[PDB]
Amino acid sequence: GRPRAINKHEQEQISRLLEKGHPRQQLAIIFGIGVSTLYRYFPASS
DNA sequence: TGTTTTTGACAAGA
DNA sequence: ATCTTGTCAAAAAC
C-alpha cells in the first residue's frame with residue numbers, strides 16, 4: 001500500500017554515496033527521509 | 001471506513 | 001555529545 005521512501009535509482013545512488021563517506025544524518029535530510037529509514041536500507045554493517 | 005505495506009519517531013544499548 | 005538497531009503506532013495508497 002504505502003510507497004517506499006526511496007526507489008532504486010537513488011537507492012543505489014545513495015548506497016554508492018555512503019561508501020564515499022557521507023553522513024547519514026545529512027543524506028536523510030536532503031532526500032527528505034527519516035534516519036531510521038536509512039539505517040534500515042543500509043545498515044552500519046554495510 | 002478497512003487492510004496492507006513501509007515509514008519515521010523513539011527508546012535503549014551486557 | 002554520538003552512532004546503531006530494533007520496536008511500534010500510524011501515514012500513505014487503494
Side-chain angles (χ1 to χ4, degrees), chain A residues 1-7 10-11 13-18 21-46:
Chain A
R2 173 172 182 152
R4 278 180 164 293
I6 61 295
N7 50 63
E10 59 202 16
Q11 158 148 175
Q13 171 178 341
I14 278 164
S15 171
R16 185 199 311 139
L17 275 168
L18 294 184
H22 281 78
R24 298 193 173 54
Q25 267 307 311
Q26 286 175 62
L27 253 47
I29 323 160
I30 317 165
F31 282 67
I33 71 166
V35 176
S36 357
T37 300
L38 293 178
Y39 275 105
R40 194 193 307 139
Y41 276 51
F42 323 103
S45 302
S46 309

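So that the names make sense, note that chain A is the first sequence line, chain B the second, and so on, each numbered from 1. FYI, side chains are in, hydrogens and waters are out, and symmetry mates aren't considered; it's all heavy atoms of this structure.
Clustering ILVMFWY residues whenever any of their side-chain heavy atoms sit less than 4.5 angstrom apart, transitively, puts A:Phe31 in the very cluster that holds A:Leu18. Cluster membership for A:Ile30 and A:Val35, using ILVMFWY side-chain heavy atoms within less than 4.5 angstrom, is not shared. Cluster annotation: A:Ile33 is not connected to A:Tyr39 through the hydrophobic network of ILVMFWY side chains, with a link wherever side-chain heavy atoms come within less than 4.5 Å.
Taking 4.0 angstrom as the limit, A:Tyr41 places a side-chain polar atom (N or O) nearer than this to OP1 or OP2 of B:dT7. Considering only side-chain N and O atoms, A:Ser45 lies under 4.0 angstrom from the phosphate OP1 or OP2 of C:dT5. Proximity of A:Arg24 to the phosphate of C:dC3: no side-chain N or O atom is located under 4.0 Å from OP1 or OP2. Between A:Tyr39 and C:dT5, a side-chain N or O to OP1/OP2 separation shorter than 4.0 Å is absent. Under 4.0 angstrom from either OP1 or OP2 of B:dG8 there lies at least one side-chain N or O belonging to A:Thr37.
Atom CD1 in A:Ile29 sits roughly 14 Å away from atom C1' in B:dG8 (whole-Å rounding). A:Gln25 places its CD atom 9 Å from the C1' atom of C:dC3, with the value rounded to the nearest Å. Regarding A:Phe42, its CZ atom lies at a distance of 11 Å from the P atom of B:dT7, rounded to whole Å. Rounded to an integer number of Å, the gap from CG of A:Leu38 to P of B:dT6 is 16 Å.
Paired runs in DNA chain B that reach 3 or more consecutive Watson-Crick or G-U pairs, where each pair keeps both distances under 3.5 Å, cover B:2-13 with C:3-14.
Both A:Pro3 and A:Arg40 sit near DNA chain C, but only A:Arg40 has its closest nucleotide nearer the 5' end.
Atom CD of A:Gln26 and atom CG of A:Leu38 lie 12.0 Å apart (nearest 0.5 Å).
One donor-acceptor pair, N or O on each side, does fall under 3.5 Å between the base of C:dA11 and the side chain of A:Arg2.
Shortest non-hydrogen contact noted between A:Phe42 and A:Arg24 is O-NH2, 3.2 Å. The two residues A:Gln11 and A:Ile6 have their closest heavy-atom pair at NE2-O, 3.9 Å. Looking at every heavy atom in both residues, A:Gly34 comes nearest to A:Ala28 through C-CB, 4.3 Å.
Of the candidates B:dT7, C:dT4, B:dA9, the closest approach to any side-chain atom of A:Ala44 belongs to C:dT4.
Across all strands shown, A:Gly1 has heavy atoms under 4.0 Å from base atoms, whether or not it also approaches the sugar-phosphate.
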